[PDB]
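Below is one structure, written out as structure tokens; comments come after it.
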Amino acid sequence: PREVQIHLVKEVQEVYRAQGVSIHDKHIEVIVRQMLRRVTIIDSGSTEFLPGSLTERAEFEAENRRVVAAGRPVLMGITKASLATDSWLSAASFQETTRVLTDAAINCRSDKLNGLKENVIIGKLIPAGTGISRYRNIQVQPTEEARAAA
Amino acid sequence: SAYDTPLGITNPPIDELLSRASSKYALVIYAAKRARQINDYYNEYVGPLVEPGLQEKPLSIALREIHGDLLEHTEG
Amino acid sequence: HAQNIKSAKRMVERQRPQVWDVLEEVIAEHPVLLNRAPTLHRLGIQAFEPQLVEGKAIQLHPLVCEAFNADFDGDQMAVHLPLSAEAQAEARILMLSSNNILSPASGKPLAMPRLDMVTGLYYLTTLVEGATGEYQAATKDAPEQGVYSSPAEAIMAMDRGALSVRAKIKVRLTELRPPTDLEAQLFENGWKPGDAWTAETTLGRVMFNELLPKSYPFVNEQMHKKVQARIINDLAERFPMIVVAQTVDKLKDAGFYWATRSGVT
Amino acid sequence: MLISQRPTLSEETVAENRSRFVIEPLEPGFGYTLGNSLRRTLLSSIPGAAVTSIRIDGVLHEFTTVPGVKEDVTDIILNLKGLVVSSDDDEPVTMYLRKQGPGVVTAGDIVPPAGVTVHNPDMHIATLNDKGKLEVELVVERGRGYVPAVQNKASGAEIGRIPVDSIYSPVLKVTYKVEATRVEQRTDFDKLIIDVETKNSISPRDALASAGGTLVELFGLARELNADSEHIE
Amino acid sequence: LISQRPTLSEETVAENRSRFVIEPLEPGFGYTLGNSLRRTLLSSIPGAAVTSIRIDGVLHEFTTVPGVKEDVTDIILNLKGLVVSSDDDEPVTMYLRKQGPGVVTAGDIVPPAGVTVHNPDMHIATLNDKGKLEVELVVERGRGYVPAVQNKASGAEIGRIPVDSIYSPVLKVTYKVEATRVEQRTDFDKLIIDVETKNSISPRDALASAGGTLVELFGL
Amino acid sequence: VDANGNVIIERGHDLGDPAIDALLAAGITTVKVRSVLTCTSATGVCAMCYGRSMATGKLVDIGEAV
Amino acid sequence: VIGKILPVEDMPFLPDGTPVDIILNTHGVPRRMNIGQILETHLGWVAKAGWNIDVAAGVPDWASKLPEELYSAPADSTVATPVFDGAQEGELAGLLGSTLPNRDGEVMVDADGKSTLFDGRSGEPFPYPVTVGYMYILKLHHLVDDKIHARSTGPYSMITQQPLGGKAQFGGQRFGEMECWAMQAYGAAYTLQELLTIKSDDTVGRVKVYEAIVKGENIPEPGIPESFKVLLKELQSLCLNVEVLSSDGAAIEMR
Amino acid sequence: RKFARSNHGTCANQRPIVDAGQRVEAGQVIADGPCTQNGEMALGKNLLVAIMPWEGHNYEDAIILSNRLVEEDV
Ligand SMILES: [Mg+2]
Ligand SMILES: [Zn+2]
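Protein chains in written order, with the working numbering: chain A, 4 to 153; chain B, 314 to 389; chain C, 64 to 328; chain D, 197 to 429; chain E, -10 to 209; chain F, 793 to 858; chain G, 25 to 279; chain H, 16 to 89.
Structure (structure tokens):
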């Protein structure tokens, strides 16, 4: 993964460097991260795990380690990443609504609204920026020395 | 270093504000809640802490009071 | 001014002389969100303080056109009015142009002299030999001729058709913080807010450095867009955003003021 | 005759000698008209005195600094240019400065003849090193604006007599800006803000009063041709 | 210094246009003074221009009169060529009843006392034998330029057409600053200001009106 | 760390022109920077592992939608 | 676009006192790569300023291939130049070098085709001679009566519950996806969530915020967008049971 | 056709150019179209332009007008 993570960023930068525009590697690395952050399964799991299924890292590892599977690193296309996203109402928003929504419905698949894109569609407070619980819940009292002074 | 007398909506300076909160995103709500309070005062229900102007906007009062350091916030 | 809300809603419909004195009072430091479709990046939207102007045109700032990617060849921009205290605040705090000088892409300043201001400041600062009122430093026969006690004296001399704005001249400077080597040589211990020192520059470069912040060291170099970018980037890295946001405004004012007397046709 | 909105004059204080005036609100194109006029009048018109030629006892042809001084001839020149003097002669008044021994040469160290007065005795002119005595003869005269140094066979045939560029102007540095004001249903009414850095000798309101005084007197002759109809304030 | 009071000699090269010479002046002072005068002249001089016209035939600007060559629009655009002069401060009403065949000139108006039209050679409209052109014009005394005030908001009748009123008797104003005396022995500027009017007021009267105006603007 | 171990810059440094120059003057032809590619966050990314923001001119915010 | 209409007087004016009508920016020309307008401008000056060329006793070089009897021309002489068999490069250098005492006995424009302008605003002369001349300019249809549009509130659509599009129906202005992207790039959740609820959709929201603004009270927190009701009802119409659970406890309807 | 609303909203105002006592050949211009003055495609106007930057009003291919045009109605 890491050499490809270098390669993609180098390659994406070189063509900007060529055209004269300059972007900061980390902005590419944010997308290349979003490329290299899933596993393809040849055949493993043995409980609600289909052979030949794209699976998220953290959720896979937790059941894989077995405290009480078998995954290899995969490189996925951005469309194939937004297609194989954890969310459903956003996946529906991108492409092939009926196909994914049918699967979502029978699966009873719960989206957390951690993604911004879904939380745009429903007219709700965007969780990004000024919409995290540490921001949206802030009690601002006037200071004890300022109160009596008025 | 050399402020060069800022005026209007750029007053008070944003750097002197940013220092009070952890990040600007905190400063936004940290102000907006005080703006929401001084909005309530006209109807906590604390009054304008810093000297209010002829027709100064609730926002500017909050930012002036945060610049004066008359408030504290709680990261939820 | 209006006896009843309905009567106010009539008076605003009739657009009577009594509303205009109020609209300044209502628009006083009340931000608006300018957006151009297609919005290609974050700086494609920016918040501003609306000044009230006559005519039928939105008077955009010349520095935010690099960001907006908006040529004045029939392009149109949307304005939005944030209503909630939160929206109004966030408009003032996050997306105010003065705050968003540097690119999210790199962190190079995008709100910088471009097209006109570049030629203006380039003419202003470019030191050209064989000019009027040039500092010669005559050898035993005559005085040095072209030395100046203050920038004021030089401005007085340049207002007369005697000294040209682009010439090697010897000003005595006080309010401008000297170059690192020059401070390191002359003062060492103390700075130079009140301390005086002699330069070998052009009145234009002095008039330009006059725009940049009191404590910032001296340039003594022609303002090529790369050098402007480097200086404004350095200033953005070293100083507060308000300081840079004023210095770039003075750079714009001076830039355009001198873009005329540039003689570029 | 015609009537308009009576222009206000307010005196914003920047520092001791330097100030800003605000003249508002002016009809569409009353800002620049009286603005640049006021600037050029403030800079040029007002009477004041200054050094025109100096003579430091030493240099006949010796281009290098005078032996037994810390400064250079140029530094002495551009320092002396700074010296602010007021003369009521209308004649090239010659005055001598002489000082000896170690330490500083203040503005107070000069001995002014009858009529002339230096308003800052505390300002610095030179720093004299040990085992040395500097003696300089300065020609102070009255004039207008800025005059470059010209050896027009007064200091031409002379062995030395260094000619120096004069700042007669009591007002050192004037700048100005115009701002559009919503006075009524009409906009683009120009509010003249005028930054004015003077010397210690005069007050900026005095300089402005003098400039105005010269301008009203200058336009008085045109005013007094016909007296047909004016846009009265 | 040179303690000489500034002086200005009133001159003439034509009736419509005259030169003026101001001297002596402070070195580099001329251009600014000339500018101030030029600007005061071009902006703020009280002119007599048509405010509202009234044709009995047509109701509005975008129709035509029976038996005229050009229509009320181009008639209105031609009427702007009037250099009417009005000593009256109030709105004054003139009349024109040119009947039968011929070209209608600016001398064919019948003005009340203290209203004068100074270029009667100009061409307004051509009438055939069939046509009659009856117009009454309203002259008001203003300054600078005003947009054609609406007759809907104000309590004026359908018959009246507002016109683009230009209260500028001055036509062209320039200046050039002669060197006059060499650098040595106290050099002074002399400015020569070329003034060109609409033949409504004499350059002297306009210059005196400007001189009268801006002195009121200058406070001490 | 350099050849000897004369440690010039510690963990949690913004790497400004002074620091970048200092690392060159130290005499090292490589440095290990903390990026999003190696971030052990449950949801999204963690501030310190992104680096300083370009917009702010300071450490990236704990709200930023990078 | 017309950036500024200057009052007649504050306008870069000729030595004879004629103010120039328009000033087109120089930096545009070499970038845009259309110098035509400048040759068109130059020839314009030759067109307005009549030109009795004192040809010569043996003809000047530039007028070696001179066109049909085009040596003299009166004041305001309208000239034809076809789009290939037209006025040549160096011809204009000869055509500007042409005496035309405009009332006064002096030339305005120089051999190069520039003129020394006095600044109406400043009052000073420009320090170098600037390229003045006569240009044919076209009043374009892209008019503010077509383009300018505002809406605080107004008449809404019956089908969608967001303000209309167009000046005829007194519509709003379209807040697209790319604006939402930028709002989110700023991280201005409150602005976007205000734009996408009360400013567009929510029927209680718009009247409540109008009421709250005119009363001068706190803006109510936008709760229930019409879009979400529409999509919830629409998803429930396609036989998908969608129920929003809290962090802990029992689920709820929006109202 | 006196002040006819043309398809694109602009006016199609016509005027006569020729005088009464005048001979006219076949295929000659008699009337004045909406964009003719003596029979010639005249869409816009001839204006005295100056080419230079002017205090940032013309920055990025913007245009500066003299009120004279708006007043004189050119
Ligand atoms: Mg375009
Ligand atoms: Zn991390």
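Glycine included, each C-beta is placed from N, C-alpha and C at the ideal position.
- Taking a Cβ-Cβ cut-off of 7 Å, the neighbours of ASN82(H) in chain E comprise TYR134, given in sequence order.
- Rounded to the nearest angstrom, the gap between the Cα atoms of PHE97(A) and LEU266(C) is 60 Å.
- Of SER56(A), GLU64(A), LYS13(A), the smallest CA-CA separation from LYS83(A) is found for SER56(A).
- According to the DSSP secondary-structure assignment, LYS161(E) is paired through a beta bridge with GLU185(E).
- Taking every residue with its beta carbon within less than 6 Å of a heavy atom belonging to ligand 1 gives, in chain order, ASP134(C), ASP136(C), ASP138(C).
- Beta bridge pairing from DSSP links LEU53(A) with no other residue.
- The alpha helix (DSSP H) runs of length 4 or more contained entirely in the segment 88 to 127 of chain G are, from start to end of the chain, 115 to 120.
- By the rule that beta-carbons nearer than 8 Å mark a contact, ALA153(A) touches chain B.
- Taking all protein chains in view, the Cβ of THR202(E) is crowded by 16 or more other Cβ atoms within 10 Å, so the residue is classified as buried.
- Shortest Cα-Cα distance from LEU106(C) to any of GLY147(G), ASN242(G), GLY211(G), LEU259(G) involves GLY211(G).
- Between the beta-carbon of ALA236(G) and that of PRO244(G) there is about 6 Å, and that keeps the pair under the 8 Å contact cut.
- Under a 10 Å Cβ-count criterion, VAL12(A) is classified as buried, with 16 or more other Cβ atoms of the shown protein chains found around its own Cβ.
- Contact between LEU230(D) and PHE207(E) is confirmed by a C-beta separation of about 6 Å, below the 8 Å threshold.
- Not one heavy atom of ligand 2 is found less than 7 Å from the C-beta of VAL168(G).
- Residue nearest to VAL312(D) within the set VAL301(D), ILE272(D), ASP284(D) is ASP284(D) (criterion: CA-CA distance).
- Beta-carbon to beta-carbon, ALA199(E) and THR29(E) are separated by about 4 Å, close enough to satisfy the 8 Å threshold.
- Counting every other CB atom within 10 Å of its CB across the protein chains shown gives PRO145(A) a total of 16 or more, marking it as buried.
- Boundaries cannot be given for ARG357(D), as no alpha helix (DSSP H) includes it and DSSP labels it neither H nor E.
- Contact between the segment 130 to 146 of chain C and the segment 75 to 85 of chain H is established, with three or more Cβ pairs separated by less than 8 Å.
- Counting only runs of at least 3 residues, the segment 201 to 247 of chain C fully encloses the following beta strand (DSSP E) elements, listed from N- to C-terminal order: 233 to 236.
- Cβ contact annotation for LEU330(B) (same chain, cutoff 7 Å, sequence separation greater than five): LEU340, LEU376, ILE379, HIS380, in chain order.
- In the structure shown, the three-state DSSP call for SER181(G) is coil.
- In the assembly as shown, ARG27(E) is a buried residue. Its beta-carbon has 16 or more other beta-carbons within 10 Å.
- Secondary structure note for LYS295(D): its beta strand (DSSP E) is the uninterrupted segment 289 to 296.
- The C-beta of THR318(B) comes no closer than 8 Å to any C-beta of chain A.
- The three-state reading of DSSP puts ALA317(C) in helix, counting H, G and I together.
- According to DSSP, residue pairing for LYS60(H) in a beta bridge involves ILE161(G).
- Ligand 2 approaches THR832(F) closely enough that one of its heavy atoms is under 7 Å from the residue's Cβ.
- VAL336(D) and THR264(C) have their alpha carbons spaced roughly 29 Å apart.
- For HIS143(C), the enclosing beta strand (DSSP E) has its first and last residue at 141 to 143.
- Residues of chain C with a Cβ closer than 7 Å to the Cβ of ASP76(H) are, in chain order, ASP134, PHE135, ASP136.
- Remark: the C-beta of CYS204(G) is outside contact range of ligand 2, defined as less than 7 Å to any heavy atom.
- Secondary structure at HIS10(A): helix, using DSSP grouped into helix, strand and coil.
- According to the DSSP secondary-structure assignment, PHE37(G) is paired through a beta bridge with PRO43(G), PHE142(G).
- Following the DSSP letters along the chain, one finds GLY339(D) inside the beta strand (DSSP E) bounded by residues 329 to 339.
- When Cβ-Cβ separations below 8 Å define contact, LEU219(G) makes contact with chain C.
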